[PDB]
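*Asks:* Got a structure for you, written out below as structure tokens; questions coming shortly.
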Amino acid sequence: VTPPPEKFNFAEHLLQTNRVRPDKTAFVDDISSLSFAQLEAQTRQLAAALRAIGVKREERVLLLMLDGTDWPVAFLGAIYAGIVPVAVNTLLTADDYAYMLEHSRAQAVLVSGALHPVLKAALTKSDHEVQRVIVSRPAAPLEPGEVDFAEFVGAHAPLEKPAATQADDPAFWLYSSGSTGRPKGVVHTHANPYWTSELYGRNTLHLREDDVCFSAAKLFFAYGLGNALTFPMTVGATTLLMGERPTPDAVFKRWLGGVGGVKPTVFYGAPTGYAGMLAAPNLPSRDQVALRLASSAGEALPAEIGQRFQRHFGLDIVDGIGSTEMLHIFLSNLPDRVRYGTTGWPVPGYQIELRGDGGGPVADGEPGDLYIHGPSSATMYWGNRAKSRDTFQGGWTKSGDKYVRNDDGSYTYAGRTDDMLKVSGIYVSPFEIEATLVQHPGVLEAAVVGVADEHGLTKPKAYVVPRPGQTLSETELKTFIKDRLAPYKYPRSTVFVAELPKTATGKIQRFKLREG
Ligand SMILES: O=C(O)c1ccccc1F
Ligand SMILES: O=C(O)c1ccccc1F
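In the deposited numbering, the protein residues as written are 6 to 521.
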């Protein structure tokens, strides 16, 4: 793979690539579609629009949008202007967004109408610097000074040239959280999505022009940003986007060609989703679908799920691991070489190391902490030098995962070095869930651990000491957690216990709860 030139704008790169196919569909959703040409036009008008409201080069904008055709216009339009979009999870709280606004010093917000209520709450509460709110598909009347996305784009002539950025200039941010503390602003360069799209999208998956890509993983996820934007645009594939929550039925509807008169050839999702599909009574048969490739990430794929999908479809699931910090997958199975119970082999272009207690290599068959050296690594966490030091060092990125290398050179997942649970593509902090539970007046103490369910998929499990003198039923606690947490954080079950095991410091011995 040839390195990008030092003068490089990733958006211009993707536009240029597709000038050969102006009339092919680039993106399609339930209500709209853009050809590559229409996408280019709208991308450049949005870039002009942002500039005309005074957003400058290197300044951030918040991109808080459901998957839809306006998403890649917002993302690429900012990048084409040399403005840095901060692409965020659409399921967070107003407080989360308030923090992001302050931390990013976002100068404008591009927001889906459905998300305007949360965003409004975030604006009201924070010391932000937002100059304009641009609403895609408004769902309530616009407030004074807000503008409709279609009008904002339609009101401005296309910018004539992209910003003259360098390959190693910041291009976009994603946010990633740890087990405590605020989300960290992961800063990616213009070169980074070129490398992931070439080393993984093209050279590993062998995506091609005639493909139709459909990712259950949304565009704000690093995994989904590659799957359903950078990868397909790099090869001229057509991409299907879906605003709604993925469920088996919504996925199957699309697999069967229920939207945009296209049937996906490449599907991407989490092991949890693949399990949920395989359990669905109306799972389609292989003759009804056009799938040629099925990708998975977001948690380790249990072997039985891959094996059952292959028995039903005659297609393997291709499991690989990436991270927000590395932008996309660096260790993967291949479309023609799958070893279930493993995450496969290093992706060419990326170097992997497993390190023991002192930094040194570990013998084969033994677990070590996983570190990655590749050209798509983020540069830093913005404004957090201490965490940057811990994660990015001398070209190596520390993943927080442990792995074992097998005799055939494959890698098998061995757990985490920090307590986070990966529940279907979203990291969930047990400590968050614990701090929520103890705010119920009937709960004295709470400990949350991950437990593998009947399909081998990790879900949170809560152990709760109730407060003597109150009543607290499992149902009231369910109602309370329904009211306080996103469903992606719910414990799969809660057990009431009389006490928890602790050190004399009062540290809860969570390892004993993963035992019995
Ligand atoms: O990945 C997912 O989140 C998903 C959810 C439902 C059905 C298929 C899927 F892949
Ligand atoms: O969940 C993953 O393995 C993953 C894959 C691609 C990019 C970011 C990720 F976190």
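Every residue gets a Cβ at the ideal spot worked out from N, C-alpha and C, and that includes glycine.
Could you tell me which residues DSSP pairs with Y418 in its beta bridges?
*Replies:* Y408
*Asks:* Smallest Cα separation from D424: which of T463, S415, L20 and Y205?
*Replies:* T463
*Asks:* Heavy atom of ligand 2 less than 7 Å from the Cβ of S220, yes or no?
*Replies:* No, ligand 2 has no heavy atom inside 7 Å of this Cβ.
*Asks:* Out of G319, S382 and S202, point me to the one whose CA is closest to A242's CA.
*Replies:* When the alpha-carbon of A242 is set against those of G319, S382 and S202, the nearest one is in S202.
*Asks:* May I have the straight-line CA-CA distance separating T95 from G118, to the nearest angstrom?
*Replies:* 12 Å
*Asks:* Evaluate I310 with the Cβ neighbour count: other Cβ atoms within 10 Å of its Cβ, from every protein chain shown; 16 or more gives buried, anything less gives exposed.
*Replies:* buried
*Asks:* Which whole runs of the alpha helix (DSSP H) in the segment 137-210 are 4 residues long or more, in chain order?
*Replies:* 154-159 and 196-201
*Asks:* Can you tell me whether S117 is helix, strand or coil according to DSSP?
*Replies:* Three-state result, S117: strand.
*Asks:* Based on DSSP bridge pairs, tell me the residues matched to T30.
*Replies:* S40
*Asks:* State the start and end residues of the unbroken alpha helix (DSSP H) segment that holds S434.
*Replies:* Looking at the DSSP string, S434 is not in any alpha helix (DSSP H), and its letter there is neither H nor E.
*Asks:* Tell me which residue opens and which closes the alpha helix (DSSP H) that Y493 is part of.
*Replies:* No alpha helix (DSSP H) contains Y493, which DSSP labels as neither H nor E.
*Asks:* Spatial neighbours of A222 within its chain, please: C-beta separation below 8 Å, excluding the five flanking residues on both sides.
*Replies:* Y228, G229, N232, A233, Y273, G274, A275, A302, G303 and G430
*Asks:* Just mark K466 as buried or exposed, buried being the case when its beta carbon has 16 or more other beta carbons within 10 Å.
*Replies:* buried
*Asks:* Suppose the cutoff is 6 Å on Cβ atoms and the five residues either side in sequence are ignored; what does the same chain contact list for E17 look like?
*Replies:* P167, listed in sequence order.
*Asks:* Whose CA, out of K29, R65, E11 and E45, lies closest to the CA of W387?
*Replies:* When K29, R65, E11 and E45 are compared, the shortest CA-CA separation from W387 is found for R65.
*Asks:* Tell me which same chain residues have a C-beta within less than 7 Å of the C-beta of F501, skipping the five on either side of it?
*Replies:* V469 and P471.
*Asks:* Tell me the rounded alpha-carbon separation between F41 and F32.
*Replies:* 8 Å
*Asks:* Take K507 and list the residues in its own chain whose beta-carbon comes closer than 7 Å to its own, dropping the five residues that flank it on each side.
*Replies:* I513 and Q514
*Asks:* Could I get the ranges of all uninterrupted beta strand (DSSP E) runs contained in the segment 265-302, with 3 residues as the minimum, in chain order?
*Replies:* 271-274 and 298-301
*Asks:* I need the DSSP call for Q47, collapsed to helix, strand or coil.
*Replies:* helix
*Asks:* Mind checking whether the beta-carbon of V323 lies closer than 7 Å to any heavy atom of ligand 1?
*Replies:* Incorrect: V323 has no Cβ contact closer than 7 Å to ligand 1.
*Asks:* Taking C-alpha atoms, which residue in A451, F318, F257 and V343 lies nearest to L505?
*Replies:* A451
*Asks:* Taking 7 Å as the cut-off, is the CB of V256 close to at least one heavy atom of ligand 1?
*Replies:* The answer is yes for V256.
*Asks:* Under DSSP, the beta strand (DSSP E) around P77 begins and ends at which residues?
*Replies:* If you look at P77, you'll find it isn't in any beta strand (DSSP E); it sits in the alpha helix (DSSP H) that goes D75 to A86.
*Asks:* What residue range does the alpha helix (DSSP H) around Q312 cover?
*Replies:* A308 to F318
*Asks:* For the alpha helix (DSSP H) that contains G229, what are its first and last residues?
*Replies:* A227 to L230
*Asks:* In whole angstroms, what is the alpha-carbon distance linking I438 and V453?
*Replies:* 7 Å
*Asks:* In three-state terms, what does DSSP make of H18?
*Replies:* Note: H18 maps to helix in three-state DSSP.
*Asks:* Excluding the 5 residues preceding and the 5 following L97 in the sequence, name in chain order all residues of the same chain whose CB lies nearer than 6 Å to its CB.
*Replies:* So the list is empty, once near-sequence residues are dropped.
*Asks:* Tell me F397's beta-bridge partners as DSSP assigns them.
*Replies:* According to DSSP, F397 bridges with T402.
*Asks:* With distances taken between CB atoms, is the gap from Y85 to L164 smaller than 8 Å?
*Replies:* yes
*Asks:* Which residues does DSSP list as the beta-bridge partners of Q356?
*Replies:* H378
*Asks:* What are the boundary residues of the beta strand (DSSP E) that includes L518?
*Replies:* No beta strand (DSSP E) holds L518; the alpha helix (DSSP H) holding it covers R515 to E520.
*Asks:* For the beta strand (DSSP E) containing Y468, list its first residue and its last residue.
*Replies:* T463 to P471
*Asks:* Check whether the segment 74-85 touches the segment 100-111, taking contact to mean three or more Cβ pairs, one atom from each stretch, closer than 8 Å.
*Replies:* no
*Asks:* Less than 7 Å between the CB of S328 and some heavy atom of ligand 2, yes or no?
*Replies:* yes
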